[PDB]
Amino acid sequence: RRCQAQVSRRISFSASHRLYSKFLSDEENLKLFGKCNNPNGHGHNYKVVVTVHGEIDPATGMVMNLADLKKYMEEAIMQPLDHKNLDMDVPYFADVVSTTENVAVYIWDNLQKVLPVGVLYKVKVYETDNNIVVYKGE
């Protein structure tokens, strides 16, 4: 009887960061991360596209309540990340390298705590227009 669909919302946030691993030497960190290892940091206007999936509810015509998704993304992404320094203001990145990959995983994990089981499909993070990460929970 029924249709599955994927629904996405895009938002952006501003954050600064520095790429470095506490396990590596200062020289190793420079060789590996180059300009991204700048000691005082750099920054991005991150874009995040969150995709959920499920059945199109025949009564409402939606996979998910859109207000709820706004609230969920506001709580899981904007509040903790927006206008923040990832490595100093977000406790999770005290011991985790703030690569775009790890930002995608962090966002996924934050969303899975609010969202109904089985509904989250994909998190996509643009560090810049040209550099993208997609995480699907695999």
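Residue numbers run from 1 along the displayed sequence.
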property	result
Of 86-94 and 65-73, the one with larger mean CA B-factor	65-73
Stretch with the greater mean C-alpha B-factor as recorded in the entry, comparing 111-119 against 7-15	111-119
Third assignment of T99 from its chain's C-alpha B-factors	middle
Chain-wide C-alpha B factor ranking for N40, given as lowest, middle or highest third	middle
